[PDB]
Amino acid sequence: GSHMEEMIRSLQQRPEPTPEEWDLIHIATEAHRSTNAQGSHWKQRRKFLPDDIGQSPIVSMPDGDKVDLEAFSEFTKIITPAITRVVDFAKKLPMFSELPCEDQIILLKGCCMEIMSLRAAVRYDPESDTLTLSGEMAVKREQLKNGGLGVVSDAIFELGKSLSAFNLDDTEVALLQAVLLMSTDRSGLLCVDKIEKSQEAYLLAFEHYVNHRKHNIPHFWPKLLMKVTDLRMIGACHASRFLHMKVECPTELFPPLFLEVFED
C-alpha cells in the first residue's frame, strides 16, 4: 500500500483486524471488563475456602463421586451473581441483544457453564494450585471436586494450568466468550443463520487479533481453538452431572437462577 502503511506493517504479514473488527474487538473487550468481578485485583483480596470444608463427600452420585453438602452450599451461595455477570456480558454485545428474546435465552443456557469455567480457569494460580471463583474464593482441586463438580473440577484445573502459558489478555478472554455464546449447536433457535454469521465474524476478528498480538508460543491460534473444544466438553459434562444432582437433591438446595440456567 502507501509508504507509511508498508513501513508500519513491515514486521507483520499475517492479517490484522480491519477497522470493523477493531470496533467489534473493543465492544467485546469492554463488555467483558465491565462484567468480570474485581478489576484485575483478584489475587490480592481473595480469601481461601477454609481447609475443613469440602473434605466430606457423602451424598451419592451415579458416577460414584459423592457430594459434600456444605461445600456445595458455599459454591451455590455465590453462583447467582456469577451467572448474572455472564448474562450482563452477553447483553452488551449488539449481535446478541438484537436476537429474539427466546434465542437469547437458548444461547445463554447453552454457554453459561462454558463461560463461567473459562472465567475460573483464567484465575488459576500456579503457586497455590488453586482456582479463584468469582475472583474472591480460592478453592483447591479436592474442594471443588467434592462440592458438586466431580471430575469436571479436574478438567477445569487442567485447563487453567495449561492456559497459564497462553498469557491471554482481556480481549482474548472476551472473544473466546463471544465465540462460545454465539453458537448454533443448540436446539430451538430461530435465527440460526444470523447467529452463525455472528460467530464467523467474531472468529475472524479473533484470529486477526491473535496475529496482532504476536504471542511467543507457536501455533497459537489452533491451540486456542482446541481450548474452545475443551470448554464445550466441560459444559457438556457439567450438564450431565447437573441432571444427576437434581435427581439426588431437593430443589431448595439450588438457587433459582442456577436451576433456570441448567434446566434442559
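In this text, residue numbers run from 1 along the sequence as written.
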Residue stretch of maximal mean CA temperature factor, 47 to 55 vs 198 to 206: 47 to 55
Stretch with the higher entry mean CA B-factor, where the candidates are 171 to 179 and 149 to 157: 149 to 157
Residue, from 82, 115, 95, 137, that the PDB entry assigns the highest Cα B-factor: 137
Top residue by Cα temperature factor, when 36, 211, 29, 229 are compared in the entry: 36
Modelled-residue ranking by C-alpha temperature factor, third containing residue 15: highest
Record-listed C-alpha B factor of residue 184: chain third: middle
Residue 105 CA temperature factor, ranked by third within the chain: middle
Lowest, middle or highest third - CA B-factor, residue 119: lowest
Third assignment of residue 62 from its chain's C-alpha B-factors: highest
